[PDB]
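Residue numbers (the authors' numbering), protein chains in the order written: chain A, 33 to 207; chain A', 33 to 207; chain A'', 33 to 207. A prime marks a further copy of an entry chain.
Even for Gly, the Cβ is constructed at its ideal location relative to N, Cα and C.
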Amino acid sequence: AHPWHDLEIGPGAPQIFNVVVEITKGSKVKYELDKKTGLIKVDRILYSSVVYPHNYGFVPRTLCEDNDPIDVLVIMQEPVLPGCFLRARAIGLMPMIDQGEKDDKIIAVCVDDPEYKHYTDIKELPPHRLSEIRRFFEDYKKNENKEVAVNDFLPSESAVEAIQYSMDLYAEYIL
Amino acid sequence: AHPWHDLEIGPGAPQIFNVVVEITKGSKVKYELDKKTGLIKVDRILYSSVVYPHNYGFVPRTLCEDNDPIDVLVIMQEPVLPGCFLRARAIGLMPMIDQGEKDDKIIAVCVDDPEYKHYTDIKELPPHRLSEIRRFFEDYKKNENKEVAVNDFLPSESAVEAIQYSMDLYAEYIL
Amino acid sequence: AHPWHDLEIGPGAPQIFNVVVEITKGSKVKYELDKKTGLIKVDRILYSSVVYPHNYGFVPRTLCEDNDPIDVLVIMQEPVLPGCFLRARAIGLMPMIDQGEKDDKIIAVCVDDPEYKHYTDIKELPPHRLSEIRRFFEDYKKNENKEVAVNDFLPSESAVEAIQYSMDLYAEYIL
Ligand code: NA
Ligand code: NA
Ligand code: NA
């Protein structure tokens, strides 16, 4: 199965959904889904001594402006390997601009992680969590001479709305 | 190739067989094969501070009561990544009951691991190995309020018999 | 997609090419591509207390004497997981004989690794790098009672030529 096209989004979508992990928490390797083959590829090694603050990936059968599936940061107890998928719930939305282009990130938790599965909204997290996440996106491409503007975090409902828009766009795209 | 259906069991089956690893030795992540897609998914993060004592997975083209392929714990020098497969020999059988349902585990070694490949039966292992394995299955779901009864370990021939029954059942299932 | 047949070699071939990683830097597990299924398998655990000095893999849609795709060692800042691919440039060739049979290795860098991407030829590397690599291949099968002769390293152009010969051979093979 191709992890973008062939993996279902999950019965609970847009609220609860499968996430295919591309990058493990703690990684300095920016892996990404290769859209054509469905394999995981090295996009680059990060240009700064920074690491992903959480497991990171995309939602199957979704589609955004940048012509990729929608991006998700998944907060949980443990690192998850690239190419594996998990079930997550959206708890917040982080709007950002990358080189003048819209690139929002979904903040999620894994609903099968007994520590984090009860979380419904980013306001419940230690405020520091959010601070670190924001800083990561402001920093991670700085040494590439690329500009990344991150805006104020938004509530779980803003993220569910984004996930829905992305499901609709994928559906129109499939022909 | 789908790792359950498309990977051969191996010429030496039931004695020697391919094992597709789902969980790496030392992991607190309970990954499993997603039957529909053939991808590896996060079933859950374990509810206790316990880790898998050995690499863990399933045998291709086999089928048991729980409608999964037969489970295998593979004892060897090194951790093996989820989604990769290896060649193993069955050396013992661990019968257990999980929530009133039969769920036996095969104890195996990797025949391509120069340290362990000579082993033919679990009686050769340090007795502690077996003690730890048993305890792991008695403990690992305890914090989920689920009951796991493990019985006395059985010899290599009992495991080969189980593997055979599971090959037969898979064959009847494929239609 | 099957990582040998279905992944493109890359527009820049023979100079720049996709590499599918089989073994991570630091590993004592000799994983290899299973040609039939496209899955990653444990060929063996190394018989010595040695580890791969760099990420290691093969080039898609190529073919050599041993009927495998051409082998590549990729020098970079970070470990890369088996089954993922990256873009590399060939910077040198290491000729060797394994049990009386030709088995040359390509020395490459990852062109998406900001530290190493500028390298064009092995003469630029610390001489020790090359010394360690050579020794690894002379040592890694010694405890299997197998003989491995490694010869003097050769320049980037010798490696590009090898990659080209291997692309031609693959093309003739596909029927
Ligand atoms: Na994106
Ligand atoms: Na089972
Ligand atoms: Na080779």
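Of all residues in the stretch 143–155 of chain A', those with a C-beta nearer than 8 Å to a C-beta of chain A'' are 144, 145, 146, 147, reading in chain order. Proximity of residue 112(A') to chain A'', defined by a Cβ-Cβ separation below 8 Å, is satisfied. Nearest to residue 90(A'') by alpha-carbon distance, out of 205(A''), 194(A''), 181(A''), is 194(A''). If you draw a straight line from the Cα of residue 205(A) to the Cα of residue 100(A''), it comes to about 39 Å. Residue 130(A'') is positioned such that its CB atom lies closer than 8 Å to that of residue 180(A'').
With a cutoff of 8 Å on beta-carbon distance, residue 40(A'') and residue 114(A'') are scored as not near each other. For residue 96(A), same chain residues with a beta-carbon under 6 Å away, outside a window of 5 residues either side, are 102, 198 in chain order. A distance of 8 Å or more separates the beta carbons of residue 72(A'') and residue 144(A').
Closest in alpha carbon position to residue 174(A''), among 43(A''), 140(A''), 79(A''), is 79(A''). Under the 10 Å beta carbon count, residue 121(A) is surrounded by 16 or more other beta carbons and is classified as buried. For residue 49(A''), the closest Cβ of chain A is not nearer than 8 Å. 68, 69, 70, 71, 72, 73, 74, 75, 76, 77, 79: these are the residues of the stretch 68–91 of chain A' whose beta carbon lies less than 8 Å from some beta carbon of chain A, given in chain order. For the C-beta of residue 180(A'), not a single chain A residue is nearer than 7 Å; the gap to the nearest is close to 17 Å.
Interface with chain A' (8 Å Cβ-Cβ cutoff): residue 60(A'') is included. The three-state reading of DSSP puts residue 83(A') in coil, since its state is none of H, G, I, E or B. Comparing alpha carbon positions, the residue from 185(A'), 38(A'), 62(A') closest to residue 128(A') is 185(A'). Here residue 119(A') carries a strand assignment [DSSP, helix/strand/coil]. Residue range 188–205 is occupied by the alpha helix (DSSP H) that includes residue 205(A').
108, 109, 110, 111, 112, 113, 115, 116, 117, 118, 119: these are the residues of the stretch 95–127 of chain A whose beta carbon lies less than 9 Å from some beta carbon of chain A', given in chain order.
Separation of the CB atoms of residue 112(A'') and residue 116(A') is rounded to 15 Å, and the pair is thereby denied contact status at 8 Å. Collapsing the DSSP output to three states places residue 38(A) in coil. Spanning the alpha carbons of residue 87(A'') and residue 178(A') requires a straight line of approximately 42 Å. For residue 33(A), same chain residues with a beta-carbon under 7 Å away, outside a window of 5 residues either side, are 39 in chain order. Linking residue 109(A) to residue 92(A) through their CA atoms gives a straight-line distance of about 23 Å. Residue 63(A') reaches chain A at 116, counting residues in chain order whose Cβ is nearer than 7 Å. DSSP places residue 105(A) in no alpha helix (DSSP H) but in the uninterrupted beta strand (DSSP E) bounded by 103–107. In the three-state reduction of the DSSP assignment, residue 185(A'') falls in the coil class. Closer than 7 Å to some heavy atom of ligand 1: that does not describe the Cβ of residue 66(A). DSSP lists 119(A') as the beta-bridge partner residues of residue 50(A').
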